[PDB]
């Protein structure tokens, strides 16, 4: 059976329950084609200048991504569409509050544009977070997902051009002896569609077989505010931060965070006061 397909607006309340059951769901029209176009246009040059993932120039090289792959993260200062439209997505926030209510506040662990070159091979079948957060491997098998990944198509996803593989139900697997490409189904998607998986869903980028098509995706890893993001917004100019909504500011770590603990004492606080109150951080100040 195939990855369940849900409408971003009509089926909103069904999205997280579907992922909790099956470990995957396709959100049709997660982003409008307008947002997809502006995002592609804004990140285009940064993709072109990005060195290889394991460049000797980098002090945090990525030795896992294929050398032909390009990843651009810290999108807030690059993309108006990302920092305004994506970070304030009603669909994303409903899904995240549904997913993470047991833990408390959530934020962006990483928002990255990934461009896969022609003839890019399939990734090995994997769970995310194993190269950054060893702690998640020590969680009880029954523990609610501490992170989820929105794999948004910025170009068409086909079986030919290397659409994502997922094993439905694999987010509940403890025994991994039945892990095989034979057990996978494909995430066929138009630009603006999003494949939503958990940190436990076994999946992989597909093989590019046309030899001509460049595939591009926006991967948004949303995680509980108790987990450290893969990316930092510390160097993002304060003027850009002060142009955002308070919600967007929290997602970039430019605000204090709260746990779901009845008498929560909070995260990233300053002597009982928030970052935003302390620093007198303004919001929605146009550039």
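Residue numbers count along the first chain shown, from 1.
- For the pair 33-41 and 249-257, the mean B factor over Cα atoms is greater in 33-41.
- Look at the mean CA B-factor for 240-248 and for 221-229 in the entry; the higher one is 240-248.
- Per the deposited record, 211 carries the highest C-alpha B-factor of all listed residues (111, 211, 134, 104).
- When the modelled residues of the chain are ordered by their C-alpha B factor, residue 117 lands in the highest third.
- Residue 145: CA B factor lies in the lowest third for its chain, per the PDB record.
- Annotation for residue 18: C-alpha temperature factor in the middle third relative to the rest of the modelled chain, per the entry.
- Per-chain ranking of the deposited C-alpha B factor places residue 273 in the middle third.
- Split the chain's modelled residues into thirds by C-alpha temperature factor. Residue 159 is in the highest one.
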